[PDB]
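In structure tokens, one chain follows: the form deposited in one PDB entry.
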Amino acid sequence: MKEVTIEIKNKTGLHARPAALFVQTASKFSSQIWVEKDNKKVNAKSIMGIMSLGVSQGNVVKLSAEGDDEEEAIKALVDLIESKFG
């Protein structure tokens, strides 16, 4: 299991296209991936889960993954977030 604490810095946070890019990037991996904000942990592959988290610009979330490609999965999301979703 791999976990990372990270600040989301893009305008819309986890909303709009960035929200879709995020969901589709996690769906690329077989591992189960979660996002926690405050006290609420949701599935990173679920758009409804991400929306319910209400992640805005500047918010600090905790990404975690568990599976055969958990390291690659976390790395992929980190690189995506750090590029501010292109």
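Shifts are known only where both forms have a C-alpha. If you superpose the two forms and keep the largest set of C-alpha atoms that fall within 1.5 Å, you have the rigid core. One rule holds for the numbers: they count along the sequence shown, beginning at 1.
- Stretches compared: 32-40, 46-54. Higher mean C-alpha B-factor in the entry: 32-40.
- Across the options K75, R17, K11, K62, the residue with the most elevated CA B-factor in the record is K11.
Separately, the form deposited in another entry exists; it is not shown, and the next lines address it.
- Only one of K62, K11, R17, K75 has its Cα shifted by 2 Å or more between this form and the one not shown after fitting on the core, and that residue is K11.
- Relative to the superposed core, just one shifted segment between this form and the one not shown, defined as three or more consecutive residues with every Cα moved by 2 Å or more, spans 1-15.
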